[PDB]
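Student: Encoded as structure tokens, here's the structure I'll be asking about.
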Amino acid sequence: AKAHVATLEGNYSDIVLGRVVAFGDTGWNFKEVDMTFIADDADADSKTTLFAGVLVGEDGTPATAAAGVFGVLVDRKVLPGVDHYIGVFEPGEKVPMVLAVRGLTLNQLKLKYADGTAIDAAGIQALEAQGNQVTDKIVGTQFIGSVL
Amino acid sequence: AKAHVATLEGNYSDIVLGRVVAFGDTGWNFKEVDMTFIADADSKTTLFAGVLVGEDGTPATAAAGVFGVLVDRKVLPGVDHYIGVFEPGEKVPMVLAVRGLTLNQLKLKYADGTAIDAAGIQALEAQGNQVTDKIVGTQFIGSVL
Amino acid sequence: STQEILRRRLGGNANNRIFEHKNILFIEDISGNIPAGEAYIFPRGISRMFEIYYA
């Protein structure tokens, strides 16, 4: 008989490695949009399918290619270790979401397209033009079984 | 009969809500351009603070021509001493806000005075600025709270 | 009657016009937070009817 096990790895800071703080304005880096939290075809009170790092356009719809990329979804509601919003929003409803678009040191590995495909070069260029750094210099980690 | 009366409202900081104070060049946010102050007579000019301006110093009549916002100290509310100090058609240097600033939309206008549209907002935001409508406003008398 | 409704002003010179009748106490809103044609009725003393939480 299977046992019940749940796991947690990764945090907020693993996506936004660095941030430029403007003395006179703390919310300079971020911008709010509106997104469909639960797909209109989802079953009554389903579980959402958004996740931190999915690229979205200024309209709020997740982007499929470079042209639709405007920012990175960084809202608190979709971090790995958080689960409150099940059935809280009806299918097809929309709720404000926080993006980060200016003055950030962004991880390159975590960012994903709408379908889960890794970020391409054109999307990287489009996101960099806004004034954001995309870097993959990440040390990684080794846990057990290998003599580091 | 008509008693002489004057009034003042607004402030320079009412336009620029916030700023990024970059180390090194404190002027990294601004650019200086030569504007035509007086039209082409002696009277106050129409270059009210907050008018969208282009790269060449021409007032921005449309979104496409928007480069920066005129925020110079010479045209702030309540300040005026230039009646006849200049000459029609004469050009004067002006200070503009360009990079790394937060702006109040309700005080942004085109050359004529019309409010900024979506295209102008997007064009201005693309240079590293934050454009926001989240303004509390105020109520002074009446309007029971 | 105790309060001369037709002669004195309800609540005297106050701003609320406190008025009692048939064991029911009426109060006039000045804040304008109650819609024009609406009034609300609720009982007093019920435990834990209202609470406010801070984060």
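Going by the structure tokens order, chains are called A, B, ..., each with residues numbered from 1, while ligands are numbered from 1 in the order shown.
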Please identify the helix (DSSP H, G or I) residues within chain A (assignment by DSSP from backbone atoms) and present them as a ChimeraX atom specification.
Tutor: /A:12-14,66-68,76-78,121-129
Student: Need to verify the contact set: range 7-14 of chain C, 12 Å, only C-alpha atoms, exclusion of same-chain residues closer than 5 positions in sequence. Can you return it as a ChimeraX atom specification?
Tutor: /C:1-2,19-21,25-28,30
Student: Please, could you write that set of residues out with C-alpha atoms as a PDB file, in the first residue's frame?
Tutor:
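Final file, result22.pdb:
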ATOM      1  CA  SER C   1     -45.000  63.628  25.750  1.00  0.00           C
ATOM      2  CA  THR C   2     -41.468  63.390  27.109  1.00  0.00           C
ATOM      3  CA  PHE C  19     -35.209  59.375  18.166  1.00  0.00           C
ATOM      4  CA  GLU C  20     -36.870  56.589  20.160  1.00  0.00           C
ATOM      5  CA  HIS C  21     -40.287  55.074  19.509  1.00  0.00           C
ATOM      6  CA  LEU C  25     -34.175  53.573  18.601  1.00  0.00           C
ATOM      7  CA  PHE C  26     -33.602  55.402  15.314  1.00  0.00           C
ATOM      8  CA  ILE C  27     -30.429  57.217  14.268  1.00  0.00           C
ATOM      9  CA  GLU C  28     -29.833  59.361  11.186  1.00  0.00           C
ATOM     10  CA  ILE C  30     -24.611  61.883   8.212  1.00  0.00           C
TER      11      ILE C  30
END
Student: Counting only C-alpha atoms, which residues of chain C come no farther than 10 Å from chain B, as a list in words?
Tutor: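 So the contacting residues turn out to be residues 30, 31, 32 and 33 of chain C.
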Student: Kindly provide the residues of range 12-112 of chain B that approach range 87-106 of chain A to within 12 Å, each paired with its closest atom pair and their distance in Å to one decimal, based on only C-alpha atoms, listed by chain and increasing number, as a Markdown table.
Tutor:
| residue | atom | partner | partner_atom | distance |
| --- | --- | --- | --- | --- |
| B:20 | CA | A:103 | CA | 10.8 |
| B:99 | CA | A:102 | CA | 11.7 |
| B:100 | CA | A:102 | CA | 9.6 |
| B:101 | CA | A:102 | CA | 11.7 |
Student: Give me, as a PyMOL selection string, all polymer residues having an atom no more than 8 Å from range 84-96 of chain B, counting only C-alpha atoms and skipping those fewer than 3 positions away in the same chain.
Tutor: chain B and resi 30-43+68-72+81
Student: So, counting only C-alpha atoms, which residue among A:1, A:79, A:114, A:127 is closest to chain B?
Tutor: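 When distances to chain B are compared using only C-alpha atoms, the smallest one comes from A:127.
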Student: May I ask you to extract the residues of chain B within 12 Å of chain A, using only C-alpha atoms, and to give them as a PyMOL selection string?
Tutor: chain B and resi 13+16-23+99-103+122-123+125-134
Student: Could you go through range 57-134 of chain B and tell me which residues DSSP, when run on the backbone, assigns to strand (DSSP E or B), listing them as a PyMOL selection string?
Tutor: chain B and resi 59+68-70+91-97+101-104+109+115+130-132
Student: Expressed in Å to a single decimal, how great is the separation between CA of residue 110 in chain B and CA of residue 11 in chain B?
Tutor: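 Taking CA of residue 110 in chain B and CA of residue 11 in chain B, their separation equals 19.4 Å.
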Student: Just to confirm, what's the straight-line distance from CA of residue 119 in chain B to CA of residue 65 in chain B in Å (one decimal)?
Tutor: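 These two atoms are separated by 10.6 Å.
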Student: Which residue out of B:109, B:104, B:54, B:118 has the minimum interatomic distance to residue 136 in chain B when only C-alpha atoms are used?
Tutor: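 Result for the nearest residue to residue 136 in chain B: B:104.
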